[PDB]
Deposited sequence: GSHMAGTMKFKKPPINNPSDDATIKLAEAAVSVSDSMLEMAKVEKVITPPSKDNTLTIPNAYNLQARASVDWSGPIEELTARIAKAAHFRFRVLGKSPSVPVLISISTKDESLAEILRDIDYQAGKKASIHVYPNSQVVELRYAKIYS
């Protein structure tokens, strides 16, 4: 993915973190894992996927001229719905993509 740096509740799963406050412009759609990994790298966070990537990839779309990486991640998380979830660990600085694959 590529970013231009300038109902499920995810309050505890995706809390705020300093590096995720950074603002960015994003115009992209495609594999959730691709953009999520790009955001994590951009925010200096480790990225890891838990579970197994679904047969049919979870696609998401982000169109914003200015948004925080944190809000973009929450947008992406919602879009994934029951198909997957994003966890953000502020102390260890890890972004986790968990495929709810069962």
(request) Counting from 1 along the deposited sequence, give me every gap where there's no C-alpha, start to finish. (result) 1-21, 28-50, 147-148
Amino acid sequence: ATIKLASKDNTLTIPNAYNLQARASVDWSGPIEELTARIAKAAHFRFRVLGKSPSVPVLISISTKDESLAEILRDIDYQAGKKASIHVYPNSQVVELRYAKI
From here on, numbers count along this sequence of modelled residues.
(request) Look over 61-69 and 42-50 in the entry and identify the one with the greater average Cα temperature factor. (result) 42-50
(request) Higher average CA B factor in the deposited record is what I'm after, so tell me if that's 84-92 or 10-18. (result) 10-18
(request) Could you say whether, by C-alpha temperature factor, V56 belongs to the lowest, middle or highest third of its chain? (result) highest
